[PDB]
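Below sits a lone chain in structure tokens, taken as the form deposited in one PDB entry.
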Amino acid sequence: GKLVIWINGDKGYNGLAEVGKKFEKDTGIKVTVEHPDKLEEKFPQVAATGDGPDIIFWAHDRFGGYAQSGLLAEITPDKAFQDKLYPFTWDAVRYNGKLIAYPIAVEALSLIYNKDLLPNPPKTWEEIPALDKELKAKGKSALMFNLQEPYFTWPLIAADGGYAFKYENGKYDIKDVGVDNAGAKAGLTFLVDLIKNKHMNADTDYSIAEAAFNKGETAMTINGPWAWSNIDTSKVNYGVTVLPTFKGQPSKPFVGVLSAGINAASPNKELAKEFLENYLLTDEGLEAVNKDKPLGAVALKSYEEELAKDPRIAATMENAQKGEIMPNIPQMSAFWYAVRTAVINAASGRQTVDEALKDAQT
């Protein structure tokens, strides 16, 4: 007869506790929010014994796994409630044709640019060599971003025809792995051309790109909402916008959906449903959490319409709606490792873009 909630320590868990106080005030039911470290490992471990939180918050990619182990109850929102959230977010939490979590927030890479260096940011990847030429003449660069992790280089590689797995029949298509095709090759070759012409350096990682942007050295960077804070401190006059297109098509960044699942072993499933749908997933509920620590863009249409008055959040959702939902699937790890090595090999000139891509698939 109570609710225990787990959510990570970088979230607005105190705002979430306020929603819990309102819930108690209305129903008498006490709501306890905790933020154990490594809770994404703790939860499957203790849920396997019938323990843990009634409700767990985490990135959707992990929930496929939990569902597999029978740790996550099926959620039953009626179609009226489902219509209150953006439809593509319900796909991040669908597994074997059953909804297994409530989407809360939406996370994607955006183009971040220095408004001082670059008032009108490029709409295309194609313009960027030109811009770098201009900027290099006065001791700046156009663009620096993490070239080491596929997560960052994938939205370009995906844009002309790349894909991790296609979403046939609500589930994933595990048969066609889209790292060896013509659209991906074109993506990676444009990247490799940036590198060999000296517009970018292959050894640029996350720390190097962030420092470079946050010190005024580069006109643009590619990162996510988690990075906004450091830029805020740096006092660079930045804005955040739509990712540039390549061969006319949108850059497709992977989407992360912060989701709330109900413990399969919970005796408070209706309470938890009640809490999530009619307390948290409301304008006032997400607001409470968001004031404590910003959610970024949200799945709830009513509240996202408000937050989107911040252009950065708007860009985050526009890029999300243009990207691909992060596969909640196990063989994503094989994918990442393959993609990761294919990019390093190509960006290093170790392998041609051709050999590099067909190899990371065998």
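The first residue of the shown sequence is 1; numbering continues from there.
Just so it is clear, the following notes concern the form deposited in another entry, a form of the same protein that is not shown.
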Next on the checklist: With the chain divided into two rigid bodies between the shown form and the other one, is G161 grouped with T204?
Outcome noted: yes
Checklist entry - Closer or farther: the CA pair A320/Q82 in that other deposited form, versus this form, with a change of 3 Å or more? => result farther
Checklist outcome for this item: Evidently the Cα separation of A159 and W90 changes by 3 Å or more in that other deposited form, so the atoms lie farther
